[PDB]
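Reviewing the structure listed below.
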Amino acid sequence: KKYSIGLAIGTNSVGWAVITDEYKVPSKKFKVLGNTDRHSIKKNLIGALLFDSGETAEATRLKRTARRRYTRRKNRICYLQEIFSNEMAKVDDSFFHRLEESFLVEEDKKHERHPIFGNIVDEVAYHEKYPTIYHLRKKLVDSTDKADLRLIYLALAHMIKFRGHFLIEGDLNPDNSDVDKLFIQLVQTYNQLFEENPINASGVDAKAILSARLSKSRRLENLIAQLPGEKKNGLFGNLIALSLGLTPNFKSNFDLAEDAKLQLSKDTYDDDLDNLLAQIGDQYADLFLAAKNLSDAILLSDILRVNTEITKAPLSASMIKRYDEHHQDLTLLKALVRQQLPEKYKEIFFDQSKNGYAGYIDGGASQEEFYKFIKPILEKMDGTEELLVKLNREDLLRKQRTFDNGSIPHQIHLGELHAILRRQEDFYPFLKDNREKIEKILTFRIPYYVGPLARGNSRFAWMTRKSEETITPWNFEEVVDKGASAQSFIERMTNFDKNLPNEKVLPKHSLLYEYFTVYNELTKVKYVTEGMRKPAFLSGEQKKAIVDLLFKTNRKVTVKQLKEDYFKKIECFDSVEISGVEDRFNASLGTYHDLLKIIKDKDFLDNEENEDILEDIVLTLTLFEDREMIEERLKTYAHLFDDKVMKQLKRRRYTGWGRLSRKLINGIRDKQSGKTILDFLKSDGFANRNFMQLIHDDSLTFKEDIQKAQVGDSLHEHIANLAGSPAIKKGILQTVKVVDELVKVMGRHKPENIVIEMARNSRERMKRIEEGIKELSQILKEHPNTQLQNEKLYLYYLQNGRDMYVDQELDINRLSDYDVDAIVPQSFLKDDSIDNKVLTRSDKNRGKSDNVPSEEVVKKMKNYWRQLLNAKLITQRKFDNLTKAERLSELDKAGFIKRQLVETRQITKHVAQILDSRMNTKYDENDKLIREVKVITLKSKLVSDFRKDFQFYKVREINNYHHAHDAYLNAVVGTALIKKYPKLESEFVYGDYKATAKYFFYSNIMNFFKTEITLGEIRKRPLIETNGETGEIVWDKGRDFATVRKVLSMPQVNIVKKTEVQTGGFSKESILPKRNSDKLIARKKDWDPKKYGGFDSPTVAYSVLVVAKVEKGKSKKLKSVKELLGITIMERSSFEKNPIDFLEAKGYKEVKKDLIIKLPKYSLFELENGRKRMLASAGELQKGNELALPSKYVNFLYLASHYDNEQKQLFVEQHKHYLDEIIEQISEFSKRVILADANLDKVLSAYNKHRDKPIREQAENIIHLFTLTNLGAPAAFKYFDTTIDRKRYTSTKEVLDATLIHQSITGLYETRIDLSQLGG
DNA sequence: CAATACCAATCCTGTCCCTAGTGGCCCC
DNA sequence: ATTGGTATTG
Ligand SMILES: [K+]
Ligand SMILES: [K+]
Ligand SMILES: [K+]
Ligand SMILES: [K+]
Ligand SMILES: [K+]
Ligand SMILES: [K+]
Ligand SMILES: [K+]
Ligand SMILES: [K+]
Ligand SMILES: [K+]
Ligand SMILES: [K+]
Ligand SMILES: [K+]
Ligand SMILES: [K+]
Ligand SMILES: [K+]
Ligand SMILES: [K+]
Ligand SMILES: [Mg+2]
Ligand SMILES: [Mg+2]
């Protein structure tokens, strides 16, 4: 009675099977609970659990953070109103009331309906004088008269509520009055250097050219056009580009060896410019200085389109410009349409349904949709030239609140706000006293490193307070501990040392950590010369000399440097061979050289007395990102260095953390030697033990202390903390629960083996392509995100339109004639990603098809491939695989096959470890683990090839059985494999461990199933396959294949759709207009949706069976009812708080409490003739049955549809009649179970219509036909050209008298409840 | 109670931590 | 994308 378990783990399924030692699947009677006829039922021990995908937490986080922003924005407004309260009460005692109730209809308002002034005359006059808020803002900035306090409030509130971005540090003071003079000064500073070839700036309208509503590049070309004998990539062209906010590279201008890319807005610009000047000289400093100056005058030319000398509110003035031009152009456009085409006027100016001006102002038409609609009308008419110019510049009839306003920095709104306060504090003293408070309301932003301002009821918060009092924007620095909070921000996320779990890991860039890595790599180097009899380790003296002479003088140390600069120079070896390092050392002392460049004091860095200091410094530079806090924490060391060194130290930042703590690296000491780990790495006799040897050596104390330092998650908590998609982690937890249930089903006996198999954006594509092209091209100009989902076109755009194996251009319109080749051939590496694929004219040109692209191709194309790699168009892996010919060995191919068959993904190993640790808990007399259950892992290709070899074909579309069948085949193949070759356990069993030959072995490892094999030459194998030593039979080709065939043909498979309560958003999010419908849901308690609109379409968390009574007619007589009420996600807590009260408030009486059944989505019901339905909601049903199509039809559909061999084609043609039979099957299933008369008859007519089609296409569309009979939600499908739309089951009445089936996770344990016995 | 046809909030900036895959060193 | 909600048409 021994057995094994097969498992197929997916993101929406767990297939499972129990097999005996004869590869059979047992069947058992299981008790059936409930109130029906049936006491028990037969069940095969094979099935699959289906489930909806687990979701990431991202959408939840987006909602959460947006909620916090709405709360805090309301609070900004509340702070402002509180400052205004006393004096506003003297001016207008109900003003803020009128603002708060502005949303209410007149019936519900408690004050006069006109919010600003409370009477119609003043309200109309206000709007006449100030058509937009920006008119008022500009007036209050520029005017010197005392202003009404309510208008002052409205201006300040508009600025605070929509305050612009915080992407620019420091203060911003707009001034575009002398762009021409700054440009001339740049030209003068340039001509100062290049007297021989100066630029004549006379007549160049730089102000107009550089401030036009065009792209930065467009203006760059326009400007260079005006400078004769000057080219766009020249030095002055690059300086203009710099001033425009581009990123020019000054490498070619100065014949440099490295890149000199420069961007003014990058926070690294100062140090980059200092590096460049160190290369070329400080005489060029002024030049870039002048660039900065010009840049400061045109920085915001895009948003500030008005001269700054006329107004201190140029943003509001630019909005007013938008408004005025909109008005003038609207008058002109109306007149032109009235004249040249009157019949269209209405459609353009009245029809909200159309994308005219009506749809633009009143309908749902966007600015883009409106321009696309009206541009043909303009081109068709005469007198529309300037209108078309504005249209093509996205600047025609513009609104002021628009999608592109995100560019406005908060400093501009702050400038207008500060100016208004300065104007009006002369008249209202409270504005003088609170000016800085109001400014702070606008400017204050909670630092990202502080997080929510919680008080112990937020699982997201980490902020600590200095005093227990309410936090405001004004006391924030006094109440909140910014330092401790910024520390917690990082430390709550960083790892502890796995060896010393109470110690934090070191910063990745810690000097100590990098010393550790260098000495750890160095202590396993070995060397030989002529006079030496065997290879020798490096001694402590040698390693110290190597670190001092090489690692502390070069950032990277190459093997050639090791041989010449040390062995030759110091040891006088003319030749030496080195092992333990290839090409260059991996580790390096990067931080040592960074700090040397900064502080220019090698003796300070090499002085061990300073160790702690430097560690702390690096910790500070890793922990904190805010330069002010960096300065605060480094101030305690400012006495050791000067001002410029501290300036450079502040800008020196690191990110990243290591794997080990300082206490582990250089703290704990071996008791007898008194030496740290780093001490041993520096010098360990002639043993030269490295970190792994040191912490495992029983002759040292380290291992004992690690064990003393070591230290209870649940299964759910353990799985949740794994690295992996939430979708696959859901399947992992379900797999473990399935295994638990199956073990209970076998009387709590554990299996012999468990075999597990685990199955295997357009905006990102557009971003990659834009970045690569701008780093490179005008290919999007000549051939302008959805389209990028085409693979060959995607590869074309990623490759700059060139062949990758031949140095030639490729043609867009010829992509169908080209080839997509595997860089590493797919016969070795089953990688189908862009990282291993290439678009070439002909794959023949790769060279020989058995290896990496040939040496000739490498010699041809390595330079172009390096150019591609630099622009980040191919990865280092891709370039290395492309260029491997100059360096595929036989070991590579053997390993490629091995990895085709040996699973190495971390997540599958984690599933294997979970199962292995759950099954195997006992230890033997030697305290070794007792592995009662072997956990085998298989890659999909094994069972896939098994199916394709022995004609156990799968067609996923027929039904869901293929998951269960996959699990069964996994069990069979895995147990057979380790029975035949018991050595392979080392590769296939979790926890077990201690070129042409291995290639041949792993390539023919599965041949023992076959009777004849063709390698190549023919090989023949016996009928009965046995173990190499024990002699136990592992496979009988005369019986076991028939066993598999019988298992795969069994019609009763336990397919179970996991019932799930629905969670998440309450409803569709659209805020719909008002309507007479009880389906509208109020968005606020008192906002009756008949007056105000609201949501509809709530999601049902679960349905509820109610047996009760409802009042009928005017007399209100009671009438028994049985119906399904859907409890929405919003209603759920209220229903569960007290269900009888909830139901009675719904209009039910005398509800039978004990008969209330909670019915989550997918609840299973059986009706007549074995017909089954699943609950889709309280009002809709899904198909509940599986079509058990016989195996012969499945294999026919596979082979005929081309889902080669002659015997297969003869079988397809001899069994053509099968087509009809398959339709018959479908039909007899539908008429019994689907009950879609119209759709079925349309399908039958479509099949009789296309009988004269090729058999291949008829099978390819019969595959589509199974969407009619598939389990689950109805969906539309197509047979050839005819479309069958889904038939929906829009009533749930019939399941109220049907049989409810509660299923356990495997479906083996059932409780059946006849609902016809309830309420009659 | 029919089909049955339409509908579904969207973009964007910045700071940081973590694993894992790739294919190699060196180890338990 | 899918698929359950909704109004509409009957
Ligand atoms: K019974
Ligand atoms: K009223
Ligand atoms: K020129
Ligand atoms: K609109
Ligand atoms: K708007
Ligand atoms: K290396
Ligand atoms: K940092
Ligand atoms: K293993
Ligand atoms: K959930
Ligand atoms: K969900
Ligand atoms: K269940
Ligand atoms: K983000
Ligand atoms: K991220
Ligand atoms: K490794
Ligand atoms: Mg709220
Ligand atoms: Mg708005």
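Both backbone and side-chain heavy atoms feed into the values below; hydrogens, waters and symmetry mates do not. Chain letters run A, B, ... following the sequence lines, proteins first, then strands; residues in each count from 1.
In terms of the ring pair (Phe, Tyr, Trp, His ring centres under 6.0 Å) criterion, residue partners of A/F162 (sequence neighbours excluded) are, by chain and number, A/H158. In terms of the salt bridge (charged side-chain N to carboxylate O under 4.0 Å, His left out) criterion, residue partners of A/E1294 (sequence neighbours excluded) are, by chain and number, A/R1171. With sequence neighbours excluded, the residues that form a ring pair (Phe, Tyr, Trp, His ring centres under 6.0 Å) with A/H509 are A/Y654. Applying the ring pair (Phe, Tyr, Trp, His ring centres under 6.0 Å) test to A/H410 and every residue at least two apart in sequence or in another chain returns A/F166. Contacts of A/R68 classified as side chain to side chain donor-acceptor pair (under 3.5 Å), with partners at least two apart in sequence or in another chain: none. Remark: A/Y519 engages no residue in a ring pair (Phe, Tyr, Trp, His ring centres under 6.0 Å) (not counting sequence neighbours).
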For nucleotides 1-6 of chain B, tabulate all protein N/O to nucleotide N/O atom pairs closer than 3.5 Å, reporting atom names and distance.
| residue | atom | partner | partner atom | Å |
| --- | --- | --- | --- | --- |
| B/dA5 | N6 | A/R1288 | NH2 | 3.4 |

Expected rows: protein N/O vs nucleotides 9-11 of chain B N/O, under 3.5 Å:
| residue | atom | partner | partner atom | Å |
| --- | --- | --- | --- | --- |
| B/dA9 | OP1 | A/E1069 | N | 2.8 |
| B/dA9 | OP2 | A/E1069 | N | 3.0 |
| B/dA9 | OP2 | A/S1070 | N | 3.0 |
| B/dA9 | OP2 | A/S1070 | OG | 2.8 |

Is there any protein nitrogen or oxygen under 3.5 Å from a nitrogen or oxygen in nucleotides 14-18 of chain B, and what are the pairs?
| residue | atom | partner | partner atom | Å |
| --- | --- | --- | --- | --- |
| B/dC17 | OP1 | A/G656 | N | 3.1 |
| B/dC17 | OP1 | A/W657 | NE1 | 3.1 |
| B/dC18 | OP1 | A/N495 | N | 3.3 |
| B/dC18 | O3' | A/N495 | ND2 | 3.3 |

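For B/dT13, the torsion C1'-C2'-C3'-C4' is above zero, which places the sugar in the north, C3'-endo range. With respect to the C1'-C2'-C3'-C4' torsion, B/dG21 shows a south sugar, the value lying on the negative side. When the pucker is read from the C1'-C2'-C3'-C4' torsion, the sugar belonging to B/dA9 turns out north, on the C3'-endo side.
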Criterion salt bridge (charged side-chain N to carboxylate O under 4.0 Å, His left out) on A/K63 and A/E1069, from CA distance to verdict:
CA-CA 12 Å; A/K63 260 71 170 65; A/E1069 295 177 349; 2.6 Å; yes

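Remark: aromatic rings of A/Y448 and A/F489 are close, center separation under 6.0 Å.
Taking side-chain N and O atoms only, A/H910 has no distance below 4.0 Å to OP1 or OP2 of B/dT19.
Counting any heavy atom pair closer than 4.0 Å across all strands shown, A/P1098 reaches sugar-phosphate atoms only and no base atom. At a threshold of 4.0 angstrom between heavy atoms, the contacts of A/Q1182 are confined to the sugar-phosphate backbone, with no base atom among them. At the heavy-atom level, A/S1077 lies under 4.0 Å from the strands shown only through sugar-phosphate atoms.
A donor-acceptor pair under 3.5 Å links the side-chain atoms of A/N1239 to the main chain of A/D1285, judged by distance alone. With hydrogens and angles ignored, the 3.5 Å screen pairs no side-chain donor or acceptor of A/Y1162 with any backbone N or O of A/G1272.
Counting only heavy atoms from C-beta outward, the side chains of A/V518 and A/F585 never approach each other to under 4.5 Å. A/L678 places none of its side-chain heavy atoms less than 4.5 Å from the side chain of A/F691.
Ion pairing of A/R653 with A/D267 is present here, as a side-chain N (NZ or NE/NH1/NH2) and a carboxylate O approach within less than 4.0 Å. Salt bridge status for A/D698 with A/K703: present, with a side-chain N to carboxylate O gap under 4.0 Å. A salt bridge is defined here as a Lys NZ or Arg NE, NH1 or NH2 lying under 4.0 Å from an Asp or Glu carboxylate O, and A/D52 with A/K1057 meets this definition. Taking 4.0 Å as the cut-off between side-chain N and carboxylate O, A/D684 and A/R689 count as a salt-bridged pair.
The gap from the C1' atom of B/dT13 to that of C/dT3 amounts to 35 Å, rounded to the nearest Å. Separation of the P atoms belonging to C/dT2 and B/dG14 is 34 Å when rounded to the nearest angstrom.
Looking at DNA chain C, the stems built from 3 or more consecutive Watson-Crick or G-U wobble pairs, each pair with its key distances under 3.5 Å, are B:1-8 with C:3-10.
The CD1-P distance, from A/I446 to B/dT13, rounds to 22 Å in whole Å.
A donor-acceptor pair shorter than 3.5 Å cannot be found between the side chains of A/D992 and A/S986. No side-chain donor from either of A/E717 and A/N721 sits under 3.5 Å from a side-chain acceptor of the other.
Both tests hold for A/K504 against A/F496: distance to the six-membered ring centre under 6.0 Å, angle to the ring axis within 45°.
With the nearest nucleotide of DNA chain C identified for both A/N1076 and A/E1180, A/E1180 has the one nearer the 5' end.
With a cutoff of under 4.0 Å to any heavy atom of chain A, the contacted region of DNA chain C is bounded 5' to 3' by C/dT3 to C/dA7.
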In B/S/- notation (B base, S sugar-phosphate only, - none; protein heavy atoms under 4.0 Å), nucleotides 21-28 of chain B written 5' to 3' is SSSB-SBS

